[PDB]
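Enquirer: The following block contains the structure, expressed as structure tokens.
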Amino acid sequence: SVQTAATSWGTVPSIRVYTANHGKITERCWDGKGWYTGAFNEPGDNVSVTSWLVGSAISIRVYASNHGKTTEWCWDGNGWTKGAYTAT
Amino acid sequence: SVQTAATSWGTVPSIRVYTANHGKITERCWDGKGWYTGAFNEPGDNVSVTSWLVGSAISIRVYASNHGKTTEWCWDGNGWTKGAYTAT
Amino acid sequence: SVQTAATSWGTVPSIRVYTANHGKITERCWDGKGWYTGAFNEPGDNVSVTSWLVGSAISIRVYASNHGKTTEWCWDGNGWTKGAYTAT
Ligand SMILES: [Zn+2]
Ligand SMILES: [Zn+2]
Ligand SMILES: [Zn+2]
Ligand SMILES: [Zn+2]
Ligand SMILES: [Zn+2]
């Protein structure tokens with residue numbers, strides 16, 4: 001009262017699983033060898049994710065919902081940044 | 001309870017974020033310039049989504065769950081229609 | 001609290017809708033003709049899914065959360081097998 005969101009890309013593939021548990025959203029990564037803890041760590045009770053490739057460059061969008069409000073987080077190769085998404 | 005589902009397609013990309021809040025599911029859209037409110041509006045407490053391309057034409061399937069029942073909604077270019085999906 | 005997750009692949013397309021309801025996760029499938037009940041059946045309150053292709057062969061990963069623990073399930077052509085995923 002655990003909630004997950006998953007995305008994958010490429011043919012290896014790379015997989016990312018985001019878990020919202022105890023008011024925190026964390027990330028677990030698979031790139032073909034084993035699972036490791038990712039850099040994503042934001043407060044939230046709910047999470048959704050989508051991702052796309054531009055050649056070999058991955059872009060991830062994580063929608064983290066905390067206390068009635070939804071924040072979009074972007075991964076575009078170098079660090080997680082807050083996105084332009086708003087609910088209204 | 002906010003609960004979201006997201007899908008994306010193409011290289012721009014186009015992103016669709018569906019939010020179930022206060023018994024209603026609404027849609028926000030990104031097509032490369034800015035976020036705008038989509039046409040989708042159906043009752044529901046939970047939402048999932050998947051999409052696929054047929055060349056450049058998008059097909060979206062939204063699964064909206066409301067009061068114990070799941071209804072599929074289809075976007076195939078010209079309007080949201082009710083899908084053939086049943087749970088059993 | 002019905003909670004769903006969806007994935008699709010190819011041009012037909014094939015669609016898989018996973019539903020967590022009454023402490024069980026079941027699967028409904030569409031391969032171009034009609035909806036039918038799939039072999040996936042595991043205990044759980046929450047579910048997410050991701051899939052990818054290697055040619056026309058589908059690989060599906062289902063993340064089933066039951067009583068605080070998340071188990072990854074793999075479909076790689078011949079049966080559902082437990083995956084290496086751990087939360088930590
Ligand atoms: Zn707990
Ligand atoms: Zn909280
Ligand atoms: Zn509220
Ligand atoms: Zn309701
Ligand atoms: Zn249970």
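Residue numbering restarts at 1 for every chain of the structure tokens, chains are lettered A, B, ... in their displayed order, and ligands are numbered from 1 as they appear.
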Give me, as a CSV table (one decimal) with N, CA, C and O atoms, in the first residue's frame, the contact residues of chain B against chain C at a cut-off of 8 Å, counting only C-alpha atoms.
Expert:
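New file result.csv:
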chain,number,residue,atom,x,y,z
B,46,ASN,N,-8.7,4.3,-11.8
B,46,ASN,CA,-7.4,3.8,-12.2
B,46,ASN,C,-7.3,3.9,-13.7
B,46,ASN,O,-8.3,3.7,-14.4
B,47,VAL,N,-6.1,4.1,-14.2
B,47,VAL,CA,-5.9,4.1,-15.7
B,47,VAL,C,-4.5,3.5,-16.1
B,47,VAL,O,-3.5,3.6,-15.4
B,48,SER,N,-4.5,2.7,-17.2
B,48,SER,CA,-3.3,2.3,-17.8
B,48,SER,C,-3.4,2.6,-19.3
B,48,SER,O,-4.4,2.9,-19.8
B,49,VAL,N,-2.2,2.6,-20.0
B,49,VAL,CA,-2.2,2.9,-21.4
B,49,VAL,C,-1.1,2.2,-22.2
B,49,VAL,O,-0.1,1.9,-21.6
B,50,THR,N,-1.4,2.0,-23.4
B,50,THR,CA,-0.4,1.5,-24.4
B,50,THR,C,-0.7,2.1,-25.7
B,50,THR,O,-1.8,2.5,-26.0
B,51,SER,N,0.3,2.3,-26.6
B,51,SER,CA,0.2,2.9,-27.9
B,51,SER,C,1.1,2.2,-28.9
B,51,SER,O,2.2,1.7,-28.5
B,52,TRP,N,0.8,2.3,-30.2
B,52,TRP,CA,1.6,1.8,-31.2
B,52,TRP,C,1.5,2.6,-32.5
B,52,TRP,O,0.4,3.1,-32.8
B,53,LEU,N,2.5,2.6,-33.4
B,53,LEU,CA,2.4,3.3,-34.6
B,53,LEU,C,2.2,2.4,-35.8
B,53,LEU,O,2.7,1.3,-35.9
B,54,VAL,N,1.4,2.8,-36.8
B,54,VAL,CA,1.2,2.2,-38.1
B,54,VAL,C,1.7,3.2,-39.1
B,54,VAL,O,0.9,4.1,-39.4
B,63,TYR,N,-7.1,2.0,-20.7
B,63,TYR,CA,-7.9,1.1,-19.9
B,63,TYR,C,-8.3,1.8,-18.6
B,63,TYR,O,-7.5,2.2,-17.8
B,65,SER,N,-10.6,2.0,-15.3
B,65,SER,CA,-11.3,1.2,-14.3
B,65,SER,C,-12.1,2.1,-13.4
B,65,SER,O,-11.6,3.0,-12.8
B,68,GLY,N,-15.0,-1.0,-10.0
B,68,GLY,CA,-14.8,-2.4,-10.2
B,68,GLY,C,-14.8,-2.9,-11.6
B,68,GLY,O,-14.5,-4.0,-11.9
B,69,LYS,N,-15.1,-2.0,-12.6
B,69,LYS,CA,-15.2,-2.4,-14.0
B,69,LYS,C,-14.2,-1.7,-14.9
B,69,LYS,O,-14.2,-0.4,-14.9
B,70,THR,N,-13.5,-2.4,-15.8
B,70,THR,CA,-12.6,-1.8,-16.8
B,70,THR,C,-13.1,-1.7,-18.2
B,70,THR,O,-13.5,-2.7,-18.8
B,84,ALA,N,-13.4,-3.4,-27.7
B,84,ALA,CA,-14.0,-4.8,-27.5
B,84,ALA,C,-13.5,-5.5,-26.2
B,84,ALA,O,-14.0,-6.5,-25.9
B,85,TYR,N,-12.5,-4.9,-25.5
B,85,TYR,CA,-11.9,-5.5,-24.3
B,85,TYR,C,-13.0,-5.8,-23.2
B,85,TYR,O,-13.8,-5.0,-22.9
B,86,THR,N,-12.9,-7.0,-22.7
B,86,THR,CA,-13.7,-7.4,-21.5
B,86,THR,C,-12.7,-8.0,-20.5
B,86,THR,O,-11.6,-8.6,-20.9
B,87,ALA,N,-13.0,-8.0,-19.2
B,87,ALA,CA,-12.1,-8.6,-18.2
B,87,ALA,C,-12.2,-10.1,-18.2
B,87,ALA,O,-11.2,-10.8,-17.9
B,88,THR,N,-13.4,-10.7,-18.5
B,88,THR,CA,-13.6,-12.1,-18.5
B,88,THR,C,-14.4,-12.5,-19.8
B,88,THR,O,-15.2,-11.6,-20.3
Enquirer: Which RMSD value, in Å, follows from superposing chain B onto chain C on all C-alpha atoms in order by least squares?
Expert: 0.2 Å
Enquirer: Give me, please, the distance in Å between CA of residue 77 in chain A and CA of residue 22 in chain A, quoted to one decimal.
Expert: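 Distance between the two atoms: 28.3 Å.
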Enquirer: I need the strand (DSSP E) residues of range 2-56 of chain A per DSSP on the backbone, written as an MDAnalysis selection string.
Expert: chainID A and resid 3:9 14:21 24:30 35:43 46:54
Enquirer: Name the closest residue to ligand 3 among the candidates A:66, A:71, A:41, A:78; distances are taken between atoms, counting only C-alpha atoms and all ligand atoms.
Expert: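 Result for the nearest residue to ligand 3: A:66.
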Enquirer: Ligand 4: which residues are within 8 Å, counting only C-alpha atoms and all ligand atoms, as a PyMOL selection string?
Expert: chain B and resi 22-24+43-45+66-67
Enquirer: Hey, can you spit out that residue selection with N, CA, C and O atoms as a PDB file, in the first residue's frame?
Expert:
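Wrote result.pdb, looks like this:
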ATOM      1  N   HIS B  22     -10.090  12.120  -8.238  1.00  0.00           N
ATOM      2  CA  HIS B  22     -11.447  12.454  -7.807  1.00  0.00           C
ATOM      3  C   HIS B  22     -12.527  11.792  -8.656  1.00  0.00           C
ATOM      4  O   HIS B  22     -13.557  12.393  -8.933  1.00  0.00           O
ATOM      5  N   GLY B  23     -12.281  10.565  -9.070  1.00  0.00           N
ATOM      6  CA  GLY B  23     -13.236   9.807  -9.861  1.00  0.00           C
ATOM      7  C   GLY B  23     -13.258  10.137 -11.337  1.00  0.00           C
ATOM      8  O   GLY B  23     -14.083   9.587 -12.065  1.00  0.00           O
ATOM      9  N   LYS B  24     -12.330  10.980 -11.817  1.00  0.00           N
ATOM     10  CA  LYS B  24     -12.299  11.329 -13.239  1.00  0.00           C
ATOM     11  C   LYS B  24     -10.930  11.134 -13.877  1.00  0.00           C
ATOM     12  O   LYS B  24      -9.914  11.476 -13.279  1.00  0.00           O
ATOM     13  N   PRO B  43     -15.018   8.655 -16.633  1.00  0.00           N
ATOM     14  CA  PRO B  43     -14.947   8.383 -15.189  1.00  0.00           C
ATOM     15  C   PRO B  43     -13.957   7.262 -14.903  1.00  0.00           C
ATOM     16  O   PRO B  43     -13.759   6.377 -15.736  1.00  0.00           O
ATOM     17  N   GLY B  44     -13.350   7.294 -13.728  1.00  0.00           N
ATOM     18  CA  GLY B  44     -12.425   6.239 -13.346  1.00  0.00           C
ATOM     19  C   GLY B  44     -11.519   6.553 -12.179  1.00  0.00           C
ATOM     20  O   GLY B  44     -11.126   7.705 -11.965  1.00  0.00           O
ATOM     21  N   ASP B  45     -11.138   5.490 -11.455  1.00  0.00           N
ATOM     22  CA  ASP B  45     -10.239   5.511 -10.308  1.00  0.00           C
ATOM     23  C   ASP B  45      -8.835   5.018 -10.678  1.00  0.00           C
ATOM     24  O   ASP B  45      -7.895   5.228  -9.910  1.00  0.00           O
ATOM     25  N   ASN B  66     -13.422   1.822 -13.301  1.00  0.00           N
ATOM     26  CA  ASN B  66     -14.341   2.640 -12.520  1.00  0.00           C
ATOM     27  C   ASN B  66     -15.330   1.755 -11.777  1.00  0.00           C
ATOM     28  O   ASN B  66     -16.095   1.043 -12.419  1.00  0.00           O
ATOM     29  N   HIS B  67     -15.338   1.822 -10.435  1.00  0.00           N
ATOM     30  CA  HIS B  67     -16.272   1.063  -9.597  1.00  0.00           C
ATOM     31  C   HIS B  67     -16.230  -0.434  -9.885  1.00  0.00           C
ATOM     32  O   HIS B  67     -17.272  -1.053 -10.096  1.00  0.00           O
TER      33      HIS B  67
END
Enquirer: One decimal, in Å: what's the spacing between CA of residue 56 in chain A and CA of residue 61 in chain B?
Expert: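 Separation between CA of residue 56 in chain A and CA of residue 61 in chain B: 27.2 Å.
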Enquirer: From the options B:76, B:82, B:38, B:33, which residue's atoms come nearest to residue 58 in chain B, counting only C-alpha atoms?
Expert: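 Of all the options, B:76 lies closest to residue 58 in chain B.
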